[PDB]
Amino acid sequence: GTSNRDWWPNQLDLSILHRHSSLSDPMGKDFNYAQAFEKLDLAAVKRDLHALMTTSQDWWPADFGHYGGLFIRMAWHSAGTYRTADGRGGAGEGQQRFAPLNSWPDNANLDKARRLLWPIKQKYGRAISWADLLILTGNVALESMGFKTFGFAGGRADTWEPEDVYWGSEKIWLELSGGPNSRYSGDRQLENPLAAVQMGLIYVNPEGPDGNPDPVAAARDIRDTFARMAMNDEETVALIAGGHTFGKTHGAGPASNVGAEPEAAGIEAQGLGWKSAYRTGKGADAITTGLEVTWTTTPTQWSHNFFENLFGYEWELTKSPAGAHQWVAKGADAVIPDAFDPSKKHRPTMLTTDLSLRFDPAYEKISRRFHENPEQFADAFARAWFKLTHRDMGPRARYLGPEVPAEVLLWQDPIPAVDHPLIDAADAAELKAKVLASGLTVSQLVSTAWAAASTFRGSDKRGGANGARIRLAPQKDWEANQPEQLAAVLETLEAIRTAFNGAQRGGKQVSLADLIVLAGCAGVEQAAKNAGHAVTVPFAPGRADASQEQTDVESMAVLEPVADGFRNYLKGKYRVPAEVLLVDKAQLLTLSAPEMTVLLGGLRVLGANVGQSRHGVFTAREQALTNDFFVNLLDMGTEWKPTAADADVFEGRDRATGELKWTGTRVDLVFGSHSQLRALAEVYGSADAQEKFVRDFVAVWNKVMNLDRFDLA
């Protein structure tokens, strides 16, 4: 059946804004996962998980009699799709159970692992999500095998359909670099927002870059991909060596024995895949990646054997039974146990990427420190495992249950506790009047609050206006934020704040974070008044101000908007059309198509454009909250053409006279071009819609101002 995507493959896809509707969700519309989880008997779940570890099923027998290694890998793949670039991927939505990730080649046989958890999921029902279960099982596996974890938070709500993520443009699974859709260019530069080296891999190729077994070049890829998942050198060595303290790989025979991945298998396979014709197809005959490596002399117990073996032997290049490159210890005795046959033992083996930990010079120093000080290694790995499994969860207010660590970590972008009475409605009125009396304009007030709040992304729940981090490095210097104008607005706001706070009793005070947001609300109210409408914009206090020492400047850099269509901003020229970038940003902000439409039309007229650009400012009453953007955009009395100087700027001219009426970008004009967007614009550009526009604008404005308000959730 031919589809619109077939006929017009480069037209914008708005269905990504309408996912995760109440239609696809089986739970009622008021189902609150947090409340279900809070009543879960978590200790009972953990006892069941401990039992499962050694309860081998005949359809996928447990290596060494213990599924721990398989479940740790399962949990690390669950978390390991995360990209700091957009916040997308990670464990936080349980997306491993859906396409495509359920069938990625790197997730081979993790279908079996998830199926082993069905009876526990079934027993506890809606009170523990799959997303939470996958991570808890990884924690229990570690604990079962003698490693004490740093803690665990629940609260990852399950999702019910595939997340829309750009994973790459290759049309062949695992395609090597330099093809027609290469994710690499130049000096091995991986394209943003990707965080893996080949389509269908978590991070890197275990044989080495594009299959070439050089540990030093492999180290480069490990470092690049791990940095793109938010992990530095210490955390990376701790994670890889910690993980490979346990379990084994599977490559007992040739890969051509292995059949269709789950999404391609027959209906009789009942959701499972990679069925293998090699001998029994499982256990001692398992084939998962094709590598055949067992790292330690006690694969089911925490030990310090990974680094003893790494440093204690010299390594020779060899091949697994499936033909994959891997390394064997020169001259070693057969000291590694077999996973099924008590009378067999094996020499120590390593992956190319394991040897990176020794042969990359920066990794070697950390590996050596961990080898000499195994207590440091233990603590680093525990902390890293917590980070890995919680990095996409959001602020600490979302963390549920009795195992949440009390230590506050820099990567969590922590927000101080509020310790004082908050402002009330009479105080908010007084502060709004002070803000309007100072001379700050509608444009300044709206632009600053937008700049503060629109850093939020729902993908990893980072960003937003809580914290007042717009006043700190690096946000205060971002070009999209207009540093000189920002400084002057913040200075005026801080004077108002200081005066209000100095006048209070009883410890009451207002944060700068709250005041920025409140000042934006005063500007929207003033804009409505300018248009002859009486509007009150809702405001919820309770934001606190974070310090510079609580704000990791390099981790903050991914939140920098390089494209923000809501302010008609593009930092440079990109291969992706700007309207595709707008929809991407709308998705991160959790906006539907109607919300994105209303919001953008209103911001244009309020003067939220960066640099005071006139592009899309289709009104003769700037700083008044009207639907002018829509009524003018849709006026057939105007004809639009790309400019000579710039194909991405358009001039709109009177059809009868040729006189210039307006200019716009692709972000402005897409609302008059895309047939679903123009349908939405027509609603707001109708003669009966001025009041609807104002009230829908105030709603969406308020929504954006509260995106990060998990303390009120």
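Residue numbers here begin at 1 and follow the sequence given.
Comparing the deposited coordinates for 493-501 and 286-294, the stretch with the larger average C-alpha B-factor is 493-501.
For the segment pair 547-555 and 637-645, the entry gives 637-645 the higher mean B-factor, averaged over Cα atoms. By the numbers in the PDB entry, the CA B factor is greatest at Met393 among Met393, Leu110, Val197, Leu116. Comparing the listed residues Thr300, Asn192, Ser443, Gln122, the entry records the largest Cα B-factor for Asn192. Among the modelled residues of its chain, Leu660 has a C-alpha B-factor that falls in the highest third according to the deposited record. Among the modelled residues of its chain, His674 has a C-alpha B-factor that falls in the middle third according to the deposited record. Placement of the Cα temperature factor of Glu38 within the chain: highest third of the modelled residues, per the deposited record. In this PDB entry, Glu316 carries a Cα temperature factor that places it within the highest third of its chain's modelled residues. Among the modelled residues of its chain, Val694 has a C-alpha B-factor that falls in the middle third, as given in the PDB entry.
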